[PDB]
Every structure is written in C-alpha cells, then in structure tokens.
Amino acid sequence: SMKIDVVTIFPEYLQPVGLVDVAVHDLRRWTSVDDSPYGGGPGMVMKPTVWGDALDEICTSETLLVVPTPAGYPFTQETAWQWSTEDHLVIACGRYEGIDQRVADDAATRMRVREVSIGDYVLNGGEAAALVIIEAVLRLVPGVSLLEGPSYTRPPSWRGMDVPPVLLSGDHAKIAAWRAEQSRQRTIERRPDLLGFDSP
Amino acid sequence: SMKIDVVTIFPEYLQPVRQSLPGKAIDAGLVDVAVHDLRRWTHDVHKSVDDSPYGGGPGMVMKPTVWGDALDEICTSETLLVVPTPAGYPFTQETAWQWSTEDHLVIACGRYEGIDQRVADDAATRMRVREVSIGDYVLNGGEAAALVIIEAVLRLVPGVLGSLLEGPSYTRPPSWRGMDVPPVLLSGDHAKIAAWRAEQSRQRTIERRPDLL
Ligand SMILES: N#Cc1c(-c2ccc3ccn(Cc4cccnc4O)c3c2)n[nH]c1N
Ligand SMILES: N#Cc1c(-c2ccc3ccn(Cc4cccnc4O)c3c2)n[nH]c1N
C-alpha cells in the first residue's frame, strides 16, 4: 500500500493521474513564491518559506521526499524498484530555475530526501518528471540489463514485409537465440554503455 | 513554426501539453499540438489495437495495419517520426536542440509490449524515423515519454512555452530555519562567487554523476 503526494504550483498539469492513492496539492495554498538568486544569475528561485510550510503539513519522518531536478542523482529502474515498497512518497515539483537548496537540506534533518533526474535533458519544471516517476514506480508495487528486441504480430506478411521466419517456426530454442541476438545487436548499436563500451 | 501530432490510445494523457501552451504562441502560429486517438484507424467493431506476439511470450503487440493507416494519413515525407521505446537511442538535450527546428514531429505512442517493428521499418523507407528512450527505467507506454519530449523540445523554440551539474541555488530570506545563505553569495565579489559556484558544481558532479567525468 502506497500513498503519493505531489506538490506543485501547476496542479492542472498532473491530471493524467486501491493499493495506491495519489493526491495533488497546489503549493499556493500555503502562501510571490519566487525571487532573484543570491549571487546573481538568470531567472528566479523558489523561496524556501512556502515549501517549508507545505512539507511540514504533508510529510512525516517516514516520508521519502522526492525532488526532481536536472542536477539530481539518476532515477533508474533500480530506483523504481527501491521506491516501490515505500509507504509514502512526496514529490516536490519545482518551477522557475528550481527550489532554494535549504528546502531539501531542512527536510533531510527530519526525513529521507532524494534529489533525482529522469534524464539528460532540461524541462521547465518537475511535473513531467513526477509523472514519469509515478508511472515507473507504480507498475512495480506489490500487487500490480539489455535492450528489448523487435516484436511482431499478425499478419505474417504486411506491405511485402515478412515477420522473421524463425518466429513462425515454433522452435523455442531457435526463437530464444534469435531474440538474444537481436537484443545484443540493438544494445551495441544504441546503448553500448550498457555493455561497458564507450558512448558514441 | 512547428506542428506536433501525437497518436495514442490515451489522448487524455496529453492534456497537460495543451494546458502548457501559451495562447500568444498559438495565435502567432508558432506551434500547434494535435492529439489523435489511434482507435480512429481500427478496422473492426471491437476497435482492436493489439494482438499476440509471434514467437510467443508475455504481453501483446500493437497491430501494424492500424498504425500503418494512422501514420499514412498523418505523416508526409518531411515528417520526423518519433517513436518512444525502452529500446531506443537516448533522447538527450542535443536531440531536443536538433528537433526544435523541425517543421513537423509525429510522436507514435505505444502501449503493451510496443508496436510491430514493421511499422517503423516501413515508415523509415520514406521519412526520417527516430526510436528514442527518455531514460533507463520502464514505463507502461509512450505517453509520458511524449510529454517529456514535447516539453524539452518546445522550451527550445523561441517564445513557445513562455558537462557539469548545476550547484545549489538560494534566494530570500537570508536566514531560514537556522540555515544561512552562503556568505560568499552576498559578498559582491563576483569572481569569487563564480569560483565558488564552479567548485560546488564540481563537487556535486563527482558525487551524483561521476559518469560525466
Ligand atoms: N527530474 C528532472 C529534470 C528537470 C527539471 C526538474 C525540476 C525542475 C524545476 C525547474 N526546472 C527548470 C530548471 C531547473 C534548474 C535549472 N534550470 C532550469 O530551467 C526543472 C527541471 N529537467 N530535466 C530533468 N531530467
Ligand atoms: N521512451 C521511452 C520509455 C518507455 C516506453 C516507451 C514506449 C512504450 C510502449 C509500451 N511500453 C511498455 C513496454 C515496452 C516494452 C516492454 N515492456 C513494456 O512494459 C513502452 C515503454 N519505457 N521506458 C522508457 N524510457
């Protein structure tokens, strides 16, 4: 059984959401949420004050506080497995140029905190990352290596393109070996790092 | 000026995109995002989009005939066809930059175990096709990946959405819950501030992303 709370200034974005409940909270309920960065630089930083009040009410010492950020530890399938057995996830979604670092630092004095990134690209805020994290985690909740090769279904010939004949053969050993070969070839081509080789 | 067409059996999932788009960008004709229900192109009264995998195994595979008809209608020779898949090439910021100048992206969102491979292979004989993954985790389908791709791409298109890791950021108040903003940031010594930030970036990168080194 898992509870997930998502905190955002754009609750409208989270709309795409009995063993798990997901609740979305408008951060503005606890209040200008942003100001210029100390030290200078472009854009705005979310003030810690409003976040502190929201998280005070929502979190407990048992909470795993998840903070999407481009500067986070990588969120991976291993992370998804790890979080799948948590009782309570709180996902703090930033906007602007991010959240004052003291929010995570203050939270870590009371609960476990995880700053994570879902990939090496830049988003406008944490909401899309929250949707990715929720989806990856929820499909693993109790009671719910190499790249996959290609898949095929009927008809066996389509637009003059045939399903690989081995897949029609009924020979499990040959099919397994072919699928292994397809996966090896794909992994080498697209993700050689997974097999311990240099990236392109 | 970019057109994005998304094809999915869950068009409601792409609602956040339409909500993120500023009216000024749309009325300026800078961007148009359209979402299409794949079932519009099904052949049967049961609106079937999936079937059992050749060679056996768990799960289902999306039908090539349905997808073929959908992409035939939506794509042209100039389309960049984007196919999210956990077996894809990595989608990165470089990818987002490259795609930000495209006239027409079509994002084909799969579900189940994915789409019959002949769909992409056939499309690739007459348009540019890109199978990509947004990260090293498994999703239920391509919709969340489409949201990520659309956001990362469109934020790079001028006026549409409104190395090393970045170190910590701070703003008002100068003291909060016993924690002071690092005094160097209030020093007015901007060369020193830059050096402090560089070191913070170096430390965070070593700790969180040693692969980047
Ligand atoms: N997880 C994940 C992320 C994010 C992501 C997450 C949360 C926020 C909150 C604000 N922004 C924009 C932003 C933050 C910091 C610096 N510059 C910016 O433009 C975010 C980006 N971007 N890319 C990922 N993989
Ligand atoms: N981009 C990206 C993705 C996806 C992703 C994309 C598209 C589809 C279509 C079906 N599924 C589910 C699925 C595919 C293969 C095997 N098992 C499954 O459960 C997808 C997953 N998962 N993880 C990423 N980084």
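Each chain gets a letter, A, B and so on, in the order the sequences are listed, and its residues count up from 1.
- Side chain of B:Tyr137 to backbone of A:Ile118: a donor-acceptor contact under 3.5 angstrom is found.
- Listed for the A:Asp100 side chain is a donor-acceptor partner under 3.5 Å among the backbone atoms of B:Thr171.
- For the pair A:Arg102 and B:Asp180, the salt-bridge criterion is not met [side-chain N within less than 4.0 Å of a carboxylate O].
- By number of non-hydrogen pairs under 4.5 angstrom with chain B, the leading residue of A:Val163, A:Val166, A:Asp171 is A:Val163.
- Only the backbone of B:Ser52 comes within less than 4.5 Å of a heavy atom in chain A; its side chain stays farther off.
- Top candidate by heavy-atom pairs under 4.5 Å with chain B, chosen from A:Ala80, A:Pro156, A:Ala104, is A:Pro156.
- Annotation: maximal heavy-atom pairing with chain B below 4.5 Å, among A:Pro37, A:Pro48, A:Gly119, A:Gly98, occurs at A:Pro48.
- Interface residue B:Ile115: only backbone heavy atoms are found under 4.5 Å from chain A.
- No donor-acceptor pair closer than 3.5 Å links the side chain of A:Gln15 to the backbone N or O of B:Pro16.
- Counting heavy-atom pairs closer than 4.5 Å to chain B, the top residue among A:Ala129, A:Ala128, A:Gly149, A:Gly40 is A:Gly40.
- Salt bridge annotation for B:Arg177-A:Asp56: present, with a cationic side-chain nitrogen under 4.0 angstrom from a carboxylate oxygen.
- Comparing B:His190, B:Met62, B:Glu131 by heavy-atom pairs within less than 4.5 Å of chain A, the highest count is held by B:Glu131.
- In this structure, B:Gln93 and A:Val122 approach most closely via the heavy-atom pair OE1-N, 2.7 Å.
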Legend entry - Check against side chain to side chain contact (heavy atoms under 4.5 Å, CB included), A:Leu123 and B:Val148: CA-CA 7 Å; A:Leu123 304 168; B:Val148 164; 4.1 Å; yes
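- When the shell of 6.0 Å around CZ of B:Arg155 is examined, it contains more than 12 heavy atoms from other residues, nucleotides or ligands.
- Between the side chain of A:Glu148 and the main chain of B:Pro86, no donor-acceptor pair closer than 3.5 Å is present.
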Legend entry - Steps toward side chain to side chain contact (heavy atoms under 4.5 Å, CB included) verdict (A:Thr49, B:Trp176): CA-CA 8 Å; A:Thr49 47; B:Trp176 182 75; 3.8 Å; yes
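- Closest non-hydrogen pair, A:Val45 versus B:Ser169, comes out as CG2-CB, 3.9 Å.
- Checking side-chain atoms of B:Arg208 against main-chain N and O of A:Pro74 turns up no donor-acceptor pair under 3.5 Å.
- One finds a salt bridge joining A:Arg191 and B:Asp136 here, because a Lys/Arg side-chain nitrogen approaches an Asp/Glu carboxylate oxygen to under 4.0 Å.
- Of the possible polar contacts, one joining the B:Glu151 side chain to the A:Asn124 backbone as a donor-acceptor pair under 3.5 Å is found.
- Proximity of a side-chain donor or acceptor of A:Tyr38 to a complementary backbone N or O of B:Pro173 within less than 3.5 Å is not detected.
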